[PDB]
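**Student:** based on what follows, work out the 3D shape:
(6 chains)
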Amino acid sequence: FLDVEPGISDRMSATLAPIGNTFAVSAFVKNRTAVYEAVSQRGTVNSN
Amino acid sequence: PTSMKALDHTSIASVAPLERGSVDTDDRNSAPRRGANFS
Amino acid sequence: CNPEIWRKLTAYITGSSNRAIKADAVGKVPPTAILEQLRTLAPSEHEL
Amino acid sequence: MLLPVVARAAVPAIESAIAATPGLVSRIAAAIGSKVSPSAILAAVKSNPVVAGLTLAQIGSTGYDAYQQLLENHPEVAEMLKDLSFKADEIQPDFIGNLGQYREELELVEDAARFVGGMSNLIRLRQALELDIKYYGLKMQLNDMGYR
Amino acid sequence: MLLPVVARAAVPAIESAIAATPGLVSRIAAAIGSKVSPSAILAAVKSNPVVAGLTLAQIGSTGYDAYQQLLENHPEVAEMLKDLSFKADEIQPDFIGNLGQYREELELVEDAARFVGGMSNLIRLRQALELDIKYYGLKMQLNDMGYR
Amino acid sequence: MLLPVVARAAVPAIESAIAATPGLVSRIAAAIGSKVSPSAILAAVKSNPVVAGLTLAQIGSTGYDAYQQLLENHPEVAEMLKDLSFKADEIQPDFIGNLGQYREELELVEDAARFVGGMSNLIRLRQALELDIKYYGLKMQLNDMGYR
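**Tutor:** Residues are numbered from 1 along each chain as shown, chains lettered A, B, ... in the order given. The relevant structure is shown in the block below.
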């Protein structure tokens, strides 16, 4: 048998509720591209 | 154990007081002042 | 009256030297920060 | 009474000093005001901690060790013991007037102190200036290499 | 007040150094700025920890032990004591320029470092290559047997 | 700074050894790169734990327990000291070299192996650095002509 233990789920899910907001994957890629823009400063053909 | 070391070495944004003073008073203890005698 | 000193610290606050910044990707820079650098750019003997 | 942890070290320490020379036995008998017999004072030491301390003040050679350890396990006597044992420090005739001349001077330091910061800083800053010039060059050069 | 735990070790340590040679007694009297009499400085040591430290700097032979133990029980003086006791390290005339030549070189290491990983890794990887060839054979053979 | 707890462990250890024989000056200068004098090397120990750990392992009569004490008291130096001290075990004629001695080494390879790639890749990379410099220039020139 495996016992489900309510409220531990609800402490954990109380924690991850804010987490799931700010770590969404859609927000990483807007972070990356913004880096690749600042970093290059130069024609693409070069640098391989 | 978690290491908080790196986060420990920091500087605070400096600023200059308009009227300088009160500097060496950071740590001192004046021991109490007595009352007058009574009659 | 000096044209650079207004570029250099808008490079810092906006983060972007040579290119436009989108509307979403807008970071946050604390006020005491930009002060720290303006100290080096336009130095003075009066902090006020 | 006296705590054992102390007494263990204390008793033989005193007894050793007694066996070293008799001249101390008469002294402690006078100060503590106890019977001159070495067996008597040794009976008193065990009885009161305050008494135990005054004895260890009379003999500082071998005895200083236990005394401190007595002081640890008994913060109580620490105040009382400090009072009963006291000697006026002989003052030099010149001293107080000799201090009068530094009034002008110390007030000068504290003007410099407040400006810089805590006294610790000023002692540092003073060294930084007194420091050899090359070092200013050295530090400039590491910054030239892009080190910070 | 000097803490007893320290003082227990500290006092006889100093007293021993005094009894060893008189020449130190005059020195510490100068540095601490205390009455030249051996009884005087010993009265000062007990009074202030900062003073106790400067004495133990003057005598490092036998005294280094207590000093560290003083440093433990008093993190407070640690800052202040470090400042009062200082000596400018004599710099070699060649040094700063001699360092200027390594600018080219260190920047080369840090290019190799970042690639590999932390500096610790690169020191390892360097050894792995410098390592004798047979070992590569050895490891291959254990994998031939099935060992991983 | 060097922890005071381990300080009282290391300093008498290294000093007693230095005074035991002058020959130990060869170890300090070889790895650590400390100055020639016995006094300056002592200051290096006090300054840095990594430096200290390489002082403890090098002088081995009294040192081991002291060295292990340093380890725990300042655990960051673990990865550094264990690595910066490595001695190649040469070769065993017999098949069963095993982990007896070679344990530390066959571990070392795998880290290097893991990073680069399959075990083959490293041995390849091993050779590429062993190749005469010229071959690099060759590959570059045959690239220059537009061959790849």
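
**Student:** do stretch D:4-15 and chain E meet at all?
**Tutor:** No - on the criterion C-beta under 8 Å from any C-beta of the partner chain, stretch D:4-15 is out of touch with chain E, staying 10.9 Å away. C-beta here means a position set from N, CA and C on the backbone, and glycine is covered the same way.

**Student:** tell me the contacts of the spatially most central residue of chain B?
**Tutor:** For chain B, residue B:26 is the residue whose C-alpha lies nearest the centre (C-alpha atoms, centre = their mean; 3.3 Å). With contacts taken as C-beta atoms under 8 Å, 6 or more residues apart in numbering or on different chains, residue B:26 has the following neighbours: residue D:118.

**Student:** distance check, it against chain C.
**Tutor:** 21 Å (C-beta to the nearest C-beta, to the nearest Å).

**Student:** repeat for residue D:143
**Tutor:** Relative to chain C, residue D:143 is positioned 13 Å away (criterion: C-beta to the nearest C-beta).

**Student:** run a quick neighbour tally on whatever residue of chain A ends up closest to chain C.
**Tutor:** Using C-beta to the nearest C-beta, the closest approach of chain A to chain C is made by residue A:34 at 4.8 Å. Using other C-beta atoms under 10 Å in any protein chain shown, residue A:34 is surrounded by 17 other residues.

**Student:** now check the host helix or strand of it, is it near chain E?
**Tutor:** Applying DSSP states H and E as the criterion places residue A:34 in helix A:26-40. No - under the criterion of C-beta under 8 Å from any C-beta, chain E is not reached by helix A:26-40; the shortest gap measures 15.2 Å.

**Student:** can you point out the buried residues in the helix ranked longest in chain D?
**Tutor:** Looking across chain D with DSSP state H, the single longest helix is helix D:4-20. Judged by neighbour count (16 or more other C-beta atoms under 10 Å in any protein chain shown), helix D:4-20 contains these buried residues: D:6-7, D:9-11, D:13-14, D:17-18.

**Student:** so what touches that helix?
**Tutor:** Outside of helix D:4-20, the residues within contact range by C-beta under 8 Å, 6+ apart are D:2, D:24-25, D:38, D:41-42, D:45-46, D:49, D:52, D:55-56, D:59, D:61-63, D:65-66, D:69-70, D:73-74.

**Student:** cutoff 6 Å now
**Tutor:** Outside of helix D:4-20, the residues within contact range by C-beta atoms under 6 Å, 6 or more residues apart in numbering or on different chains are D:24-25, D:38, D:55, D:59, D:62-63, D:66, D:69-70, D:73.

**Student:** returning to that earlier point: please list all residues in contact with the residue of chain A closest to chain C.
**Tutor:** Residue A:34 makes contact with residue C:25, according to C-beta under 6 Å, 6+ apart.

**Student:** burial check on residue D:116, number of neighbours?
**Tutor:** Counted with other C-beta under 10 Å, the burial measure for residue D:116 works out to 16 neighbours.

**Student:** tell me which element residue B:31 falls in.
**Tutor:** Applying DSSP H and E as the criterion places residue B:31 outside every helix and strand.

**Student:** could you report the neighbour count for it?
**Tutor:** Other residues near residue B:31 come to 4 when the count uses other C-beta under 10 Å.

**Student:** any idea how far it lies from chain E?
**Tutor:** Residue B:31 sits 15 Å away from chain E, taking C-beta to the nearest C-beta as the criterion.

**Student:** quick check: chain neighbours aside, which residue is closest to residue D:54?
**Tutor:** Once its chain neighbours are removed from consideration, residue D:54 has its nearest residue in residue D:32; the separation is 5.5 Å (C-beta to C-beta, 6 or more residues apart in numbering or on different chains).

**Student:** ok, now how distant is the residue in chain B positioned nearest to chain E from residue E:116?
**Tutor:** Distance from chain E to each residue of chain B (C-beta to the nearest C-beta) is smallest for residue B:27, at 9.9 Å. Counting by C-beta to C-beta, to the nearest Å, the gap from residue B:27 to residue E:116 is 48 Å.

**Student:** residue in chain B with the shortest distance to chain D?
**Tutor:** With C-beta to the nearest C-beta, the shortest gap between chain B and chain D falls at residue B:23, namely 4.4 Å.

**Student:** ok, chain C next?
**Tutor:** For chain C and chain D, the shortest gap (C-beta to the nearest C-beta) falls at residue C:40, measuring 13.1 Å.

**Student:** quick one: the host helix or strand of that residue to chain centroid distance?
**Tutor:** Here residue C:40 is covered by helix C:31-41, with elements defined by DSSP H and E. Per C-alpha atoms, centre = their mean, to the nearest Å, the displacement of helix C:31-41 from the mean C-alpha position of its chain is 7 Å.
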